[PDB]
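[1] Got an experimental structure here, sequence first:
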Amino acid sequence: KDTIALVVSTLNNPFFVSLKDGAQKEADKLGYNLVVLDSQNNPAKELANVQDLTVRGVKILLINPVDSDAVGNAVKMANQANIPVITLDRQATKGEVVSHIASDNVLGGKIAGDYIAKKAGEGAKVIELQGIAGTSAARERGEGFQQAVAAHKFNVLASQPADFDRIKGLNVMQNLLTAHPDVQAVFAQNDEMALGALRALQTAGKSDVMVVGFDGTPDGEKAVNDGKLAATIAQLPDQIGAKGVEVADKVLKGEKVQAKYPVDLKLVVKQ
Ligand SMILES: O[C@@H]1[C@H](O)[C@H](O)CO[C@H]1O
């Protein structure tokens, strides 16, 4: 079997476990060996892993950067080895990349803000919990949300990163609530942060504050159905993973591959 490598930012997040599962299923179907290396949200690890894979002479690198700015040197190493690179979910700011497969995260952030305007109103007092700085996902969601802040004249009380992490989201939101008890709505750039924020708000007696997440993870979907999470923006991580392999196969066969394969997003609310 030929080997495709998948270098994933972390497997401590259900979104990325699903991404890996889609890649694996597709690899199995197309007859490739898939080597999955977990970067553990660590730029040093990501670099070591890519170096290892380039010396193993993998045929294609699928990479979900830890940091879109920091991954340039890892990608240049694959470039020097003539191993084509396909980015999944997050972009590489520098380096040669054959194809990028991700959600329209600008649109996602706009959709999230637009729903907050629908339910909390024009001029709502909002807090944004940002993802990992340096990731195109967080940057784009922030851009999309700012479009909503402008459109609907939101009062942004605070916008701070909680690193796509549930516990950080809890600690950051707890902290922000003390400064800004008048918050009316929160946009958390993933469901893990959203669920942390929800826990901080319940603790402070502010469970009336509307929260919108991102990803539509099983825990996000459950939280919507339970009435705790106002909404989430559903992504299709299995499809991002699968497409990565499908395009890797294409590249290897010399077929023409798009520079970008956008993957659909969907506002999810309780039915
Ligand atoms: O798209 C992904 C998901 O939102 C994940 O939960 C965090 O990283 C982003 O890049």
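    Sure, I can see it. Numbering: from 1, shown residues only.
[2] The closest residue to the ligand within the chain - how many residues pack around it?
    The chain approaches the ligand most closely through residue 137 (3.2 Å), counting by Cβ to the nearest ligand atom. No exception for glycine: its C-beta is placed from N, CA and C like everyone else's. Residues lying near residue 137 (other Cβ atoms under 10 Å) number 26.
[3] wait, what's in contact with it?
    Neighbour list for residue 137: 89-90, 102-103, 105, 131, 189 [criterion: Cβ atoms under 8 Å, 6 or more residues apart in numbering].
[4] Just the CA coordinates for the helix or strand containing it, please, in PDB.
    In this assignment (DSSP states H and E), residue 137 forms part of helix 136-151. This file holds the C-alpha atoms of helix 136-151, laid out as PDB (Å, rounded to 0.1, in the frame of the first residue of the first chain):
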ATOM      1  CA  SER A 136      -7.300  30.800   9.900                       C
ATOM      2  CA  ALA A 137     -10.500  29.300  11.400                       C
ATOM      3  CA  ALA A 138     -10.600  31.700  14.300                       C
ATOM      4  CA  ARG A 139      -9.500  34.600  12.200                       C
ATOM      5  CA  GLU A 140     -12.200  34.000   9.700                       C
ATOM      6  CA  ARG A 141     -15.000  33.400  12.200                       C
ATOM      7  CA  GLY A 142     -13.900  36.700  13.900                       C
ATOM      8  CA  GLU A 143     -14.100  38.500  10.500                       C
ATOM      9  CA  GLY A 144     -17.500  37.100   9.800                       C
ATOM     10  CA  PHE A 145     -18.800  38.000  13.300                       C
ATOM     11  CA  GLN A 146     -17.400  41.600  12.900                       C
ATOM     12  CA  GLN A 147     -19.500  41.800   9.700                       C
ATOM     13  CA  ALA A 148     -22.500  41.000  12.000                       C
ATOM     14  CA  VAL A 149     -21.300  43.500  14.700                       C
ATOM     15  CA  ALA A 150     -21.300  46.200  12.000                       C
ATOM     16  CA  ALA A 151     -24.600  45.200  10.300                       C
END
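[5] moving C-terminal of that helix, what's the next helix or strand?
    With DSSP H and E setting the assignment, the helix or strand that follows helix 136-151 is strand 155-161.
[6] and the helix holding residue 137 with strand 155-161, angle?
    180 degrees (axes from the mean of the first three to the mean of the last three Cα atoms, to 10 degrees).
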